[PDB]
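Next comes just one chain, in C-alpha cells: the form deposited in one PDB entry.
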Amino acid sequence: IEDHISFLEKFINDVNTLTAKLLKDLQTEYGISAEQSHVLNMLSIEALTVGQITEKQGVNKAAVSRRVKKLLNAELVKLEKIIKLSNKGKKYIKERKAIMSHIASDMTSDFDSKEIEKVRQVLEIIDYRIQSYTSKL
C-alpha cells in the first residue's frame, strides 16, 4: 500500500550500499568518487548537461559542476555539445558491468526466467509511467 513505497526505498538503499562496496576498488583505481561513478553511469544511458544531471539528481548545481569537469580533465566524459563518454569512461562502465553481472548472477541462478519476464514487463510499464510523469513536473 505505502508498504511498497517503503520497501522500494529500502531496496534502493540496499542496492546502493552493495554497489558502493562492490565498486570501492575500481573507483579508487580510477581517482573517481562514488558520486562521480554515478554520473558516469547516468551517462551510460544518455548524454546530458550539468543542468539535466542536476535535475535528475536533485543536488546543488555547483557540486555537479565540480565533478563534471573533474571528469573531463580525466578524459572519462567528453564535449560532443553535451556530455558524452570516452573509452576510458566506457571501459570503466564495462568493468562496472562485469562486477555487477557477476554477483547478480550468483544470486539469481535459481530464478525462473518466465517469472522474471512478467515481473519485468510490469516494471517496464511502471518505468514508462515514471519517465512520462517526470517529463511535465
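Don't overthink the numbering: it's just position in the shown sequence, from 1.
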Quiz item: Count of coordinate-less deposited residues separating residue 75 and residue 76, as none, 1 to 3, 4 to 9, or 10 or more?
Solution: none
Self-check item: Stretch exceeding the other in mean C-alpha B-factor - 106-114, 82-90
Solution: 82-90
Quiz prompt | Chain-relative CA temperature factor third for residue 62 | solution = highest
Practice problem: Could you look up the Cα B-factor of residue 26 in the entry and say which third of the chain it sits in: lowest, middle or highest? | Solution: lowest
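As for the form deposited in another entry, it is not shown, yet the points below apply to it.
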Self-check item: Same rigid block between the shown form and the other one (residue 33, residue 85)
Solution: yes
